[PDB]
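Taking the form deposited in one PDB entry, here's one chain by itself in structure tokens.
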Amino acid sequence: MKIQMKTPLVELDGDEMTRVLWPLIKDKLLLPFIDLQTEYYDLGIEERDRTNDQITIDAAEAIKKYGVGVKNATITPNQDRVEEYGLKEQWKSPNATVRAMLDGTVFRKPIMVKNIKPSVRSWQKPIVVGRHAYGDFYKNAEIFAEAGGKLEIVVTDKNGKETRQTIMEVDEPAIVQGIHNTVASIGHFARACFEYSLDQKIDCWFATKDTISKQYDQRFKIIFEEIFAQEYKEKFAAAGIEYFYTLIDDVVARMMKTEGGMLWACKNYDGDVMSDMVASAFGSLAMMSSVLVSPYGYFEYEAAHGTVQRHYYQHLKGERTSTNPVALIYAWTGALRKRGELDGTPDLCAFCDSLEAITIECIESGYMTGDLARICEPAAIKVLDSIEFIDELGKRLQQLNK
């Protein structure tokens, strides 16, 4: 028209190859069609270093203010990255920071095409990973205890009452880690999962190791059971779907023999691992949608994958790459859809439906980046480099006048 927006999208930029691709998507796919309103936050590793990570806090506060963010893939610096970039320090994960500030559950679902069959034989139906976005080792405290010692966790409440437990007592160099979660957050996580399963009419599976983690993981098991029995058991029976709880090593065994079609609830760490397992097995890592659904009414759409470092070095050498931009696209269309829905601007939502359908129909016709070409049946017609792929969807958008 161009399509009009009422509220800005909060836009969080990122690193490496996905940072290169981000402007191509906007320039070729969105800006010809939508008069795009965003509040831009650069969460590139250099901007985070330049502002001592403050820009991450700003972006998260902007998501809370406007309601919906879209996030590009970022580097979390370790010792290698600090060296590579000249960093002041090993900054904390911007994802960990944003998710802590929002709370919620990250729903991760493969983006399926008809010409790619899953790596796992039995899998017919999509598997959705519902990842708790809050706590555990994404807000860790750690110590390199270079002389060993008595290793403990200590809680001191607001009246000054302390409780202490000994992890171990050793007399040699050791490492110590502590994590937390909250009762309230685990509750929001169970509810978000139970709500998602009902809405989508799929079973819900959850698993921890509550036989080893007798108070921590067992707390998650307890809360899911009580919330389920007190609030969802009957809606579940009415909708004809089931909650299934088991141990985590066991759930992954069953997952290898399952036909899929369930919501796999996961603790924060497990959901990181298993969401990559699931994306990879269904297709490739780029073929996955990811949305953080917060209990406070915010949404953050993101890619689940990383910044494709190896393709980036190729790009810096002046090479074209066939980097799959699909998860970045779905982040944009996932965010713009939610924005238009919140705003009562359904032509924005309509555009999003189209750009998603065009992406799928392009790949299914045999026009695709190299990750998908390696695995499609029948063989691709054309193995497009990133820019060509994005131009091809651009062309299809135009051939509707959109």
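So that the term is clear: the rigid core is the largest set of C-alpha atoms that superpose within 1.5 Å between two forms. Sequential numbering from 1, following the sequence displayed.
When the mean C-alpha temperature factors of 10-18 and 389-397 are read from the deposited coordinates, 389-397 comes out higher. Between the stretches 77-85 and 326-334, it is 77-85 that shows the larger average CA temperature factor.
For the set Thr105, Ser93, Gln124, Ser275, the PDB entry assigns the largest Cα B-factor to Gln124. By the numbers in the PDB entry, the CA B factor is greatest at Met256 among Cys266, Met256, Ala184, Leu292. Among all modelled residues in its chain, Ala239 ranks in the highest third by Cα B-factor. Ranked against the other modelled residues of its chain, the C-alpha B-factor of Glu377 as given in the entry falls in the highest third. Looking at the C-alpha B-factors along this chain, the one for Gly306 belongs to the middle third. In the deposited entry, the Cα temperature factor of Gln37 sits in the top third of values across the chain's modelled residues.
Split the chain's modelled residues into thirds by C-alpha temperature factor. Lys117 is in the highest one.
The protein also exists as the form deposited in another entry; that form is not presented, and the subsequent description refers to it.
The comparison between this form and the one not shown, aligned on the rigid core, picks out a single residue among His180, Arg191, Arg219, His315 whose CA moves by 2 Å or more, and that residue is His315.
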